[PDB]
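Values reported hereafter were calculated over all heavy atoms of this structure, with side chains retained and with hydrogens, waters and symmetry mates removed. Numbers restart at 1 for each chain; the letters A, B, ... are given by sequence-line order, proteins then strands.
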Number of protein chains: 4
Amino acid sequence: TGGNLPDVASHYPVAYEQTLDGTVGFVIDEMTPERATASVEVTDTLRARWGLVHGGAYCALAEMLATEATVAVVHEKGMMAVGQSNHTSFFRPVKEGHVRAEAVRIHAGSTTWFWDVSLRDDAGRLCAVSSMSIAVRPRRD
Amino acid sequence: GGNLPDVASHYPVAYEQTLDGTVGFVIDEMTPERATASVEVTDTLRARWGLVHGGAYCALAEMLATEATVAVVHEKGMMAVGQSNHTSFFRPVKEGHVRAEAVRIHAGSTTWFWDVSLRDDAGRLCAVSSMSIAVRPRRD
Amino acid sequence: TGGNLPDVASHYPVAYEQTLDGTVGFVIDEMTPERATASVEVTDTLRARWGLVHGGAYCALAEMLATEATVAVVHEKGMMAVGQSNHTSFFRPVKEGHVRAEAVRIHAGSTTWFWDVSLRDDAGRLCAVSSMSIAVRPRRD
Amino acid sequence: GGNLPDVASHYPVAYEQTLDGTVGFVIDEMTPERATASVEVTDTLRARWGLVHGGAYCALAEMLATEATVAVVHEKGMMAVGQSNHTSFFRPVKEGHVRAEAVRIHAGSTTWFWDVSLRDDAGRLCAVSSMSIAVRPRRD
Ligand SMILES: CC(C)(COP(=O)(O)OP(=O)(O)OC[C@H]1O[C@@H](n2cnc3c(N)ncnc32)[C@H](O)[C@@H]1OP(=O)(O)O)[C@@H](O)C(=O)NCCC(=O)NCCSCC(=O)c1ccc(O)cc1
Ligand SMILES: CC(C)(COP(=O)(O)OP(=O)(O)OC[C@H]1O[C@@H](n2cnc3c(N)ncnc32)[C@H](O)[C@@H]1OP(=O)(O)O)[C@@H](O)C(=O)NCCC(=O)NCCSCC(=O)c1ccc(O)cc1
Ligand SMILES: CC(C)(COP(=O)(O)OP(=O)(O)OC[C@H]1O[C@@H](n2cnc3c(N)ncnc32)[C@H](O)[C@@H]1OP(=O)(O)O)[C@@H](O)C(=O)NCCC(=O)NCCSCC(=O)c1ccc(O)cc1
Ligand SMILES: CC(C)(COP(=O)(O)OP(=O)(O)OC[C@H]1O[C@@H](n2cnc3c(N)ncnc32)[C@H](O)[C@@H]1OP(=O)(O)O)[C@@H](O)C(=O)NCCC(=O)NCCSCC(=O)c1ccc(O)cc1
């Protein structure tokens with residue numbers, strides 16, 4: 001699939017290249033029910049005007065990763081998954097290189113899954129973390 | 001230039017090349033205690049599922065809260081940067097616009113806090129973001 | 001009811017005076033579907049060893065207020081309400097006096113209600129805020 | 001004295017009179033990067049509905065994260081205080097104990113961040129708390 005997102009359906013409303021994720025270059029590497037990773041090359045498109053990766057870019061990468069990792073498991077069960085809360089804290093800026101995210105599932109309830117995402121720079125330094133709660137609900141179609 | 005606060009003669013990244021300029025964030029009003037901004041929904045703002053990306057609301061909030069702090073503190077020798085962003089999502093947005101309004105609720109010496117509300121074209125509260133902005137002496 | 005909590009049932013598992021809320025002295029003042037207030041006199045029981053109100057005391061007052069305000073509306077509809085996320089940020093310490101909390105409902109969905117709680121000191125200063133998400137689910141009994 | 005870090009000769013409030021001593025919080029292990037604490041469930045820890053109070057998990061996390069920062073920074077002339085506490089609740093606890101484990105994930109000059117996991121007697125993760133601790137020069 002585009003950006004290596006889970007392929008859970010034959011078509012999607014928006015093609016990868018046209019989505020925010022495609023635009024900024026997010027790509028999923030590993031994907032398992034309890035852990036997933038993704039990364040993105042830093043370019044100006046990922047930065048704010050001050051020159052460092054935009055705080056929203058870390059939120060977004062976390063959001064896509066944690067939601068899609070949930071989607072990978074729940075879609076075939078007839079459920080949809082969507083972000084309900086995204087709490088990202090920023091410890092160190094990233095000027096360039098990549099941002100690498102690792103999502104670890106820490107709770108999988110019937111209505112809410114929760115994932116902790118660490119976002120690191122190319123030296124391995126923890127630049128941000130995001131705690132994501134993902135709502136899971138039966139699909140409407 | 002997205003109408004961001006004109007506080008410096010040079011910025012490392014031009015608006016149009018930033019995440020903000022790429023998705024189309026524009027600031028409407030800005031005062032020390034309250035600031036607004038908006039964006040048209042386009043595919044660039046969406047996830048593959050066709051609804052606005054959760055990261056878009058976070059990003060809009062982050063830019064608005066931070067730049068509304070920059071607008072005040074930059075001329076004081078300070079830099080402003082997001083330290084925590086908590087966004088909660090109540091209703092999706094499929095198309096139209098997202099409109100953010102940031103209300104300053106605390107301005108301490110090292111931290112400012114803004115509540116951001118993100119509404120759809122019908123005025124419905126689709127998401128909120130509680131933004132903590134660190135304020136530190138600018139580096140030489 | 002004890003602490004003026006909503007009286008939605010004829011009995012409760014734990015008497016007010018014996019609960020955490022009773023122990024520290026939380027009391028609800030106003031209670032409406034979209035807004036509720038409560039307050040507590042600061043005594044050592046509310047403080048940490050350093051002498052200021054414990055961060056947990058603000059979390060707890062917010063939690064009781066936002067959950068009970070939801071309970072007041074949903075109990076008779078056959079639902080239970082319980083805290084799902086409590087995010088409290090601390091802006092100014094409180095040494096003594098009272099802490100006064102005001103809870104404003106900002107979203108009432110079918111599964112989650114969300115309340116913003118402001119916690120102020122006797123001078124009116126905003127000492128903390130809490131964003132609370134309250135899960136609402138059908139009661140089991 | 002709940003076995004809190006013995007960093008000062010006098011504290012404004014004795015353990016037994018604090019919120020912590022009233023509900024019975026006790027610290028078990030403490031190192032610069034990791035600390036544990038626990039509490040017996042009693043009615044004092046509960047809401048009227050019979051389950052542990054959400055505020056109890058928050059309080060336990062707040063004390064543990066803060067005091068684990070105090071333990072390091074106090075002798076350096078710094079004070080430590082909670083700046084943000086985000087607790088998410090996954091499973092209730094009706095009785096037994098709550099056991100908290102705090103893991104330091106960032107120690108910056110002005111902010112330390114701890115992840116706290118709160119488990120029941122069966123080891124099940126009942127709640128988590130992401131704690132931000134401000135660190136500032138102690139006032140004279
Ligand atoms: C929030 C939620 C209900 C979402 O759960 P879900 O996805 O609908 O359901 P899920 O199948 O994962 O259930 C997980 C566990 O949650 C509990 N639960 C879920 N639904 C229900 C329900 N309808 N009724 C009772 N318990 C339920 C139950 O313990 C369940 O385990 P099991 O009995 O089914 O094995 C669940 O994750 C949960 O129970 N979290 C813990 C909530 C909690 O304990 N919050 C802290 C207390 S906040 C409240 C408070 O402090 C307060 C203070 C003063 C006061 O006056 C009033 C309140
Ligand atoms: C977090 C922070 C220190 C950031 O402040 P800042 O930007 O450096 O400084 P700012 O100049 O805006 O100061 C605002 C107010 O903060 C307080 N403050 C700031 N810095 C200091 C300091 N170095 N020393 C003492 N107070 C300070 C002070 O009240 C100040 O007002 P003023 O005296 O200057 O008029 C300030 O917003 C604050 O104090 N927030 C409240 C923190 C709080 O009360 N947290 C809840 C307690 S969490 C701890 C806890 O529960 C615990 C439990 C058990 C246990 O064993 C240990 C701890
Ligand atoms: C989280 C939740 C589903 C909880 O809702 P609830 O309490 O179950 O249901 P409630 O009756 O209040 O419904 C409120 C509205 O939510 C929506 N909704 C609720 N349930 C469903 C459902 N089963 N299917 C579709 N929409 C639903 C719907 O819009 C509803 O309005 P209506 O059509 O019924 O008038 C709802 O509050 C909500 O939809 N919040 C907004 C979620 C959101 O848009 N999150 C941000 C996007 S996060 C995802 C993301 O960024 C991503 C990025 C990349 C990628 O590859 C994948 C994902
Ligand atoms: C929040 C804080 C400044 C607190 O740091 P602190 O405790 O004062 O200082 P600490 O000594 O631990 O510094 C750690 C690192 O922070 C950075 N930093 C700290 N203070 C400064 C400063 N005054 N100037 C520049 N960098 C600083 C610096 O990278 C430092 O490393 P080093 O150069 O000292 O090796 C630091 O943790 C931090 O920088 N976190 C990352 C902040 C971040 O990158 N947030 C996301 C961007 S949010 C903004 C945004 O998206 C935006 C979008 C659009 C727009 O138009 C405007 C903004």
Side-chain angles (χ1 to χ4, degrees), chain A residues 1 3 5-9 11-14 16 19-22 26 28 31 33 36 38 56 59-88 101 103 105-117 130-141, chain B residues 41 43 45-61 85-96 98 118-120 124-129, chain C residues 84-85 106-114 131 133-137, chain D residues 88 90:
Chain A
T1 257
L5 279 62
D7 58 312
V8 289
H11 54 106
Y12 306 94
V14 186
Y16 164 79
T19 63
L20 170 65
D21 314 270
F26 294 155
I28 284 172
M31 163 83 48
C59 301
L61 181 44
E63 196 65 60
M64 178 277 282
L65 184 56
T67 311
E68 293 285 356
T70 305
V71 165
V73 174
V74 310
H75 192 91
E76 67 170 47
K77 300 180 138 109
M79 311 302 275
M80 53 91 72
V82 62
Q84 185 149 215
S85 171
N86 177 318
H87 177 191
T88 297
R105 199 179 80 188
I106 71 168
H107 173 61
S110 62
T111 63
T112 308
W113 284 32
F114 196 97
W115 291 81
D116 280 342
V117 179
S130 305
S131 301
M132 310 287 309
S133 202
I134 304 306
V136 169
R137 295 297 184 277
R139 264 214 298 301
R140 287 173 167 189
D141 338 278
Chain B
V41 184
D43 284 346
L45 209 71
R46 286 178 175 104
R48 64 174 180 166
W49 304 101
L51 295 310
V52 173
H53 203 286
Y57 304 91
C58 295
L60 178 51
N85 174 323
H86 184 194
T87 292
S88 299
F89 305 102
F90 298 148
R91 178 179 297 286
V93 175
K94 191 190 181 56
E95 56 185 10
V98 176
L118 297 108
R119 296 177 181 281
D120 62 23
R124 289 183 291 189
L125 185 59
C126 293
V128 291
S129 295
Chain C
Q84 185 149 215
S85 171
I106 71 168
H107 173 61
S110 62
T111 63
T112 308
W113 284 32
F114 196 97
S131 301
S133 202
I134 304 306
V136 169
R137 295 297 184 277
Chain D
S88 299
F90 298 148

Review point. Between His11(A) and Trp49(B), does the ring centre distance come in under 6.0 Å?
Key: no
Spatial distance of atom [atom1] ([X]) from atom [atom2] ([Y]) [nearest 0.5 Å]:
X         : Y         : atom1 : atom2 : value
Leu5(A)   : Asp21(A)  : CG    : CG    : 6.5 Å
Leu45(B)  : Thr19(A)  : CG    : OG1   : 11.0 Å
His107(A) : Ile134(A) : NE2   : CD1   : 12.5 Å
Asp120(B) : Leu125(B) : CG    : CG    : 9.0 Å
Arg46(B)  : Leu51(B)  : CZ    : CG    : 8.5 Å

Which donor-acceptor pairs under 3.5 Å do side chains of residues 59-67 of chain A form with protein atoms, sequence neighbours excluded?
from     : atom 1 : to       : atom 2 : distance (Å)
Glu63(A) : OE1    : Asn86(A) : ND2    : 2.9
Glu63(A) : OE2    : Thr67(A) : OG1    : 3.4
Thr67(A) : OG1    : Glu63(A) : O      : 2.7

Review point. Is any side-chain heavy atom of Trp115(A) closer than 4.5 Å to a side-chain heavy atom of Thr70(A)?
Key: yes
**Study point:** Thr111(A) vs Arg137(C), side-chain hydrogen bond (donor to acceptor under 3.5 Å, both in side chains): CA-CA, chis, key distance, verdict
**Key:** CA-CA 10 Å; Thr111(A) 63; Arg137(C) 295 297 184 277; 2.8 Å; yes
Review point. Can you name the residues that form a ring-ring contact (aromatic ring centres under 6.0 Å, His included) with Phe114(A), not counting sequence neighbours?
Key: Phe90(D)
Exercise for review: Please work out which of the three classes, parallel, tilted or perpendicular, describes the rings of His87(A) and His86(B), given edges at 30° and 60°.
Suggested key: parallel
Check your understanding: Between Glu68(A) and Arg48(B), does at least one N-O distance fall below 4.0 Å, as a salt bridge requires?
Key -> yes
**Study point:** Heavy-atom closest pair, residues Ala69(A) and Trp113(A)
**Key:** O-CZ3, 4.5 Å
**Study point:** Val93(B) vs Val41(B), side-chain contact (heavy atoms from CB on, under 4.5 Å): CA-CA, chis, key distance, verdict
**Key:** CA-CA 8 Å; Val93(B) 175; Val41(B) 184; 4.0 Å; yes
Check your understanding: Going by atom types alone, do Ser133(C) and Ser85(C) pair a side-chain donor with an acceptor below 3.5 Å?
Key -> no
Review point. Hey, are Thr112(C) and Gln84(A) close enough side-chain-wise for a donor-acceptor pair under 3.5 Å?
Key: yes
Practice item. Go through the structure and list residues passing salt bridge (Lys or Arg N to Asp or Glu O under 4.0 Å) with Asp116(A), not counting sequence neighbours. Key: none
